[PDB]
Amino acid sequence: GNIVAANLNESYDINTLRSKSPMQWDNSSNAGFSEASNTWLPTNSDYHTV
Ligand SMILES: *[C@@H]1O[C@H](CO)[C@@H](O[C@@H]2O[C@H](CO)[C@@H](O)[C@H](O)[C@H]2NC(C)=O)[C@H](O)[C@H]1NC(C)=O
């Protein structure tokens, strides 16, 4: 699903950022997309079940 449009300090379209959230693999931190602390966009909150 979509995310809620967060604050980005790069020039992005806030109307269409909702479809660009990181891919949801396994239920790790950042849904297995990254082992970094913070990603460039927030992972959707339903990643534990989806
Ligand atoms: C844009 O990036 C962040 C938010 O996306 C801005 O705020 C910093 O966020 C980091 C993340 O934890 C904090 O540690 C800093 O204290 C924040 N404040 C700063 C750096 O003043 C950040 O200010 C923005 N960077 C720009 C505009 O260059």
# chains A, B, ... in the order shown; residues from 1 in each chain; ligands from 1
call {"tool": "closest_atom_pairs", "arguments": {"of": "chain A", "to": "ligand 1", "cutoff": "8 Å", "atoms": "only C-alpha atoms and all ligand atoms", "output": "JSON lines"}}
result
{"residue": "A:7", "atom": "CA", "partner": "ligand 1", "partner_atom_place_in_ligand_line": "5 (O)", "distance": 6.4}
{"residue": "A:8", "atom": "CA", "partner": "ligand 1", "partner_atom_place_in_ligand_line": "5 (O)", "distance": 5.6}
{"residue": "A:9", "atom": "CA", "partner": "ligand 1", "partner_atom_place_in_ligand_line": "1 (C)", "distance": 4.5}
{"residue": "A:10", "atom": "CA", "partner": "ligand 1", "partner_atom_place_in_ligand_line": "1 (C)", "distance": 7.7}
call {"tool": "write_last_selection", "arguments": {"atoms": "C-alpha atoms", "output": "PDB file, in the first residue's frame"}}
result
ATOM      1  CA  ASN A   7       9.349  15.148   4.945  1.00  0.00           C
ATOM      2  CA  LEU A   8      12.152  14.940   2.387  1.00  0.00           C
ATOM      3  CA  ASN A   9      15.007  17.416   2.151  1.00  0.00           C
ATOM      4  CA  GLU A  10      15.492  16.535  -1.515  1.00  0.00           C
TER       5      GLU A  10
END
call {"tool": "residues_around", "arguments": {"residues": "residue 1 of chain A", "least_positions_apart": "2", "cutoff": "8 Å", "atoms": "only C-alpha atoms", "output": "number ranges by chain"}}
result
A: 3, 19, 44
call {"tool": "residues_around", "arguments": {"residues": "segment 30-40 of chain A", "least_positions_apart": "6", "cutoff": "12 Å", "atoms": "only C-alpha atoms", "output": "PDB file with N, CA and C atoms, in the first residue's frame"}}
result
ATOM      1  N   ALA A   6       6.077  11.757   3.702  1.00  0.00           N
ATOM      2  CA  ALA A   6       6.940  12.230   4.767  1.00  0.00           C
ATOM      3  C   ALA A   6       7.657  13.510   4.350  1.00  0.00           C
ATOM      4  N   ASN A   7       8.491  14.016   5.251  1.00  0.00           N
ATOM      5  CA  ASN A   7       9.349  15.148   4.945  1.00  0.00           C
ATOM      6  C   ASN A   7      10.616  14.659   4.257  1.00  0.00           C
ATOM      7  N   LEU A   8      10.898  15.200   3.078  1.00  0.00           N
ATOM      8  CA  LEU A   8      12.152  14.940   2.387  1.00  0.00           C
ATOM      9  C   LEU A   8      12.874  16.251   2.142  1.00  0.00           C
ATOM     10  N   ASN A   9      14.176  16.251   2.397  1.00  0.00           N
ATOM     11  CA  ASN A   9      15.007  17.416   2.151  1.00  0.00           C
ATOM     12  C   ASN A   9      15.700  17.346   0.798  1.00  0.00           C
ATOM     13  N   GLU A  10      15.204  16.496  -0.093  1.00  0.00           N
ATOM     14  CA  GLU A  10      15.492  16.535  -1.515  1.00  0.00           C
ATOM     15  C   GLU A  10      14.215  16.898  -2.258  1.00  0.00           C
ATOM     16  N   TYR A  12      11.360  16.351  -4.256  1.00  0.00           N
ATOM     17  CA  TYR A  12      10.500  15.286  -4.736  1.00  0.00           C
ATOM     18  C   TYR A  12       9.063  15.779  -4.761  1.00  0.00           C
ATOM     19  N   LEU A  17       4.988  10.655  -3.952  1.00  0.00           N
ATOM     20  CA  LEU A  17       5.956   9.907  -3.154  1.00  0.00           C
ATOM     21  C   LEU A  17       5.348   8.682  -2.487  1.00  0.00           C
ATOM     22  N   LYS A  20       6.341   5.066  -3.752  1.00  0.00           N
ATOM     23  CA  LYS A  20       7.756   4.756  -3.904  1.00  0.00           C
ATOM     24  C   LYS A  20       8.389   4.237  -2.616  1.00  0.00           C
ATOM     25  N   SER A  21       7.590   3.669  -1.720  1.00  0.00           N
ATOM     26  CA  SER A  21       8.112   3.175  -0.456  1.00  0.00           C
ATOM     27  C   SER A  21       8.936   1.905  -0.684  1.00  0.00           C
ATOM     28  N   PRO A  22       9.918   1.627   0.184  1.00  0.00           N
ATOM     29  CA  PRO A  22      10.815   0.486  -0.050  1.00  0.00           C
ATOM     30  C   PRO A  22      10.122  -0.870  -0.014  1.00  0.00           C
ATOM     31  N   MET A  23      10.686  -1.801  -0.783  1.00  0.00           N
ATOM     32  CA  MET A  23      10.112  -3.127  -0.968  1.00  0.00           C
ATOM     33  C   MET A  23      10.148  -3.922   0.332  1.00  0.00           C
ATOM     34  N   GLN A  24       9.044  -4.604   0.622  1.00  0.00           N
ATOM     35  CA  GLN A  24       8.832  -5.250   1.915  1.00  0.00           C
ATOM     36  C   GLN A  24       9.166  -6.733   1.810  1.00  0.00           C
ATOM     37  N   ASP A  46       2.575  -1.755   7.973  1.00  0.00           N
ATOM     38  CA  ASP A  46       1.969  -3.079   7.935  1.00  0.00           C
ATOM     39  C   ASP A  46       2.936  -4.164   7.478  1.00  0.00           C
ATOM     40  N   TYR A  47       4.246  -3.930   7.569  1.00  0.00           N
ATOM     41  CA  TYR A  47       5.205  -4.875   7.015  1.00  0.00           C
ATOM     42  C   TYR A  47       5.380  -6.125   7.867  1.00  0.00           C
ATOM     43  N   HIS A  48       4.888  -6.133   9.107  1.00  0.00           N
ATOM     44  CA  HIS A  48       4.969  -7.343   9.916  1.00  0.00           C
ATOM     45  C   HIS A  48       4.032  -8.422   9.394  1.00  0.00           C
ATOM     46  N   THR A  49       2.892  -8.026   8.837  1.00  0.00           N
ATOM     47  CA  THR A  49       1.945  -8.968   8.268  1.00  0.00           C
ATOM     48  C   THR A  49       2.010  -9.045   6.749  1.00  0.00           C
ATOM     49  N   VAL A  50       2.497  -8.006   6.082  1.00  0.00           N
ATOM     50  CA  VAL A  50       2.488  -7.924   4.622  1.00  0.00           C
ATOM     51  C   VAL A  50       3.942  -7.852   4.173  1.00  0.00           C
TER      52      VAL A  50
END
call {"tool": "residues_around", "arguments": {"residues": "residue 18 of chain A", "least_positions_apart": "4", "cutoff": "8 Å", "atoms": "only C-alpha atoms", "output": "JSON, numbers by chain"}}
result
{"A": [2, 3, 4, 5, 14]}
call {"tool": "select_by_dssp", "arguments": {"residues": "chain A", "states": "helix (DSSP H, G or I)", "output": "ChimeraX atom specification"}}
result
/A:17-19,29-32,45-48
call {"tool": "write_last_selection", "arguments": {"atoms": "N, CA, C and O atoms", "output": "PDB file, in the first residue's frame"}}
result
ATOM      1  N   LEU A  17       4.988  10.655  -3.952  1.00  0.00           N
ATOM      2  CA  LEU A  17       5.956   9.907  -3.154  1.00  0.00           C
ATOM      3  C   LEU A  17       5.348   8.682  -2.487  1.00  0.00           C
ATOM      4  O   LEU A  17       6.094   7.795  -2.065  1.00  0.00           O
ATOM      5  N   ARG A  18       4.019   8.621  -2.385  1.00  0.00           N
ATOM      6  CA  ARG A  18       3.322   7.562  -1.668  1.00  0.00           C
ATOM      7  C   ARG A  18       3.498   6.186  -2.300  1.00  0.00           C
ATOM      8  O   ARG A  18       3.345   5.181  -1.604  1.00  0.00           O
ATOM      9  N   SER A  19       3.818   6.116  -3.590  1.00  0.00           N
ATOM     10  CA  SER A  19       3.959   4.850  -4.290  1.00  0.00           C
ATOM     11  C   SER A  19       5.393   4.353  -4.350  1.00  0.00           C
ATOM     12  O   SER A  19       5.637   3.308  -4.952  1.00  0.00           O
ATOM     13  N   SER A  29      14.324  -5.129  10.620  1.00  0.00           N
ATOM     14  CA  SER A  29      14.306  -3.676  10.603  1.00  0.00           C
ATOM     15  C   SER A  29      14.295  -3.178   9.165  1.00  0.00           C
ATOM     16  O   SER A  29      15.021  -3.695   8.312  1.00  0.00           O
ATOM     17  N   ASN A  30      13.438  -2.183   8.908  1.00  0.00           N
ATOM     18  CA  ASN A  30      13.161  -1.621   7.579  1.00  0.00           C
ATOM     19  C   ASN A  30      12.676  -2.678   6.589  1.00  0.00           C
ATOM     20  O   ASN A  30      12.955  -2.569   5.395  1.00  0.00           O
ATOM     21  N   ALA A  31      11.950  -3.685   7.096  1.00  0.00           N
ATOM     22  CA  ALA A  31      11.353  -4.782   6.317  1.00  0.00           C
ATOM     23  C   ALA A  31      12.379  -5.532   5.475  1.00  0.00           C
ATOM     24  O   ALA A  31      12.092  -5.956   4.357  1.00  0.00           O
ATOM     25  N   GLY A  32      13.595  -5.676   5.995  1.00  0.00           N
ATOM     26  CA  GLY A  32      14.647  -6.345   5.254  1.00  0.00           C
ATOM     27  C   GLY A  32      15.165  -5.623   4.031  1.00  0.00           C
ATOM     28  O   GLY A  32      15.933  -6.211   3.268  1.00  0.00           O
ATOM     29  N   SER A  45       3.871   0.690   7.648  1.00  0.00           N
ATOM     30  CA  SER A  45       3.785   0.124   8.991  1.00  0.00           C
ATOM     31  C   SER A  45       3.250  -1.298   9.026  1.00  0.00           C
ATOM     32  O   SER A  45       3.467  -1.990  10.026  1.00  0.00           O
ATOM     33  N   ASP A  46       2.575  -1.755   7.973  1.00  0.00           N
ATOM     34  CA  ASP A  46       1.969  -3.079   7.935  1.00  0.00           C
ATOM     35  C   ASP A  46       2.936  -4.164   7.478  1.00  0.00           C
ATOM     36  O   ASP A  46       2.489  -5.229   7.047  1.00  0.00           O
ATOM     37  N   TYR A  47       4.246  -3.930   7.569  1.00  0.00           N
ATOM     38  CA  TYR A  47       5.205  -4.875   7.015  1.00  0.00           C
ATOM     39  C   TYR A  47       5.380  -6.125   7.867  1.00  0.00           C
ATOM     40  O   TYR A  47       5.993  -7.085   7.393  1.00  0.00           O
ATOM     41  N   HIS A  48       4.888  -6.133   9.107  1.00  0.00           N
ATOM     42  CA  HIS A  48       4.969  -7.343   9.916  1.00  0.00           C
ATOM     43  C   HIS A  48       4.032  -8.422   9.394  1.00  0.00           C
ATOM     44  O   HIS A  48       4.347  -9.612   9.482  1.00  0.00           O
TER      45      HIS A  48
END
call {"tool": "decode", "arguments": {"residues": "segment 12-40 of chain A", "atoms": "N, CA and C atoms", "output": "CSV table (one decimal), in the first residue's frame"}}
result
chain,number,residue,atom,x,y,z
A,12,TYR,N,11.4,16.4,-4.3
A,12,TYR,CA,10.5,15.3,-4.7
A,12,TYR,C,9.1,15.8,-4.8
A,13,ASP,N,8.3,15.2,-5.6
A,13,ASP,CA,6.8,15.5,-5.7
A,13,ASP,C,6.1,14.8,-4.5
A,14,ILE,N,5.5,15.6,-3.6
A,14,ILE,CA,4.9,15.0,-2.5
A,14,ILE,C,3.5,14.3,-2.8
A,15,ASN,N,2.9,14.7,-4.0
A,15,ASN,CA,1.7,14.0,-4.3
A,15,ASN,C,1.9,12.6,-4.8
A,16,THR,N,3.1,12.2,-5.3
A,16,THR,CA,3.4,10.9,-5.8
A,16,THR,C,4.5,10.2,-5.1
A,17,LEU,N,5.0,10.7,-4.0
A,17,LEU,CA,6.0,9.9,-3.2
A,17,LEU,C,5.3,8.7,-2.5
A,18,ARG,N,4.0,8.6,-2.4
A,18,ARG,CA,3.3,7.6,-1.7
A,18,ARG,C,3.5,6.2,-2.3
A,19,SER,N,3.8,6.1,-3.6
A,19,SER,CA,4.0,4.8,-4.3
A,19,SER,C,5.4,4.4,-4.3
A,20,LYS,N,6.3,5.1,-3.8
A,20,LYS,CA,7.8,4.8,-3.9
A,20,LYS,C,8.4,4.2,-2.6
A,21,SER,N,7.6,3.7,-1.7
A,21,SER,CA,8.1,3.2,-0.5
A,21,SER,C,8.9,1.9,-0.7
A,22,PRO,N,9.9,1.6,0.2
A,22,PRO,CA,10.8,0.5,-0.1
A,22,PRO,C,10.1,-0.9,0.0
A,23,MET,N,10.7,-1.8,-0.8
A,23,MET,CA,10.1,-3.1,-1.0
A,23,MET,C,10.1,-3.9,0.3
A,24,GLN,N,9.0,-4.6,0.6
A,24,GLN,CA,8.8,-5.2,1.9
A,24,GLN,C,9.2,-6.7,1.8
A,25,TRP,N,10.4,-7.1,2.1
A,25,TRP,CA,10.9,-8.4,2.4
A,25,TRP,C,10.6,-8.7,3.9
A,26,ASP,N,11.3,-9.7,4.4
A,26,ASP,CA,11.1,-10.2,5.8
A,26,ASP,C,10.9,-9.3,6.9
A,27,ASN,N,10.4,-9.7,8.1
A,27,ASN,CA,10.0,-8.8,9.1
A,27,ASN,C,11.2,-8.3,10.0
A,28,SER,N,12.3,-7.9,9.4
A,28,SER,CA,13.4,-7.3,10.1
A,28,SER,C,13.3,-5.8,10.2
A,29,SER,N,14.3,-5.1,10.6
A,29,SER,CA,14.3,-3.7,10.6
A,29,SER,C,14.3,-3.2,9.2
A,30,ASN,N,13.4,-2.2,8.9
A,30,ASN,CA,13.2,-1.6,7.6
A,30,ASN,C,12.7,-2.7,6.6
A,31,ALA,N,12.0,-3.7,7.1
A,31,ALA,CA,11.4,-4.8,6.3
A,31,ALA,C,12.4,-5.5,5.5
A,32,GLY,N,13.6,-5.7,6.0
A,32,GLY,CA,14.6,-6.3,5.3
A,32,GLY,C,15.2,-5.6,4.0
A,33,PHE,N,14.8,-4.4,3.8
A,33,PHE,CA,15.2,-3.6,2.7
A,33,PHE,C,16.7,-3.1,2.9
A,34,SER,N,17.0,-2.8,4.1
A,34,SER,CA,18.3,-2.2,4.4
A,34,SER,C,18.7,-2.6,5.9
A,35,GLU,N,20.0,-2.7,6.1
A,35,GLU,CA,20.5,-2.8,7.5
A,35,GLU,C,21.0,-1.5,8.0
A,36,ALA,N,20.8,-0.4,7.3
A,36,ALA,CA,21.1,0.9,7.8
A,36,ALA,C,20.1,1.3,8.9
A,37,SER,N,20.4,2.4,9.6
A,37,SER,CA,19.5,2.9,10.6
A,37,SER,C,18.2,3.5,10.0
A,38,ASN,N,18.4,4.5,9.2
A,38,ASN,CA,17.3,5.2,8.5
A,38,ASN,C,17.4,5.0,7.0
A,39,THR,N,16.3,4.7,6.4
A,39,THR,CA,16.2,4.7,4.9
A,39,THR,C,15.7,6.0,4.4
A,40,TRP,N,15.8,6.1,3.0
A,40,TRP,CA,15.5,7.4,2.4
A,40,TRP,C,14.0,7.7,2.5
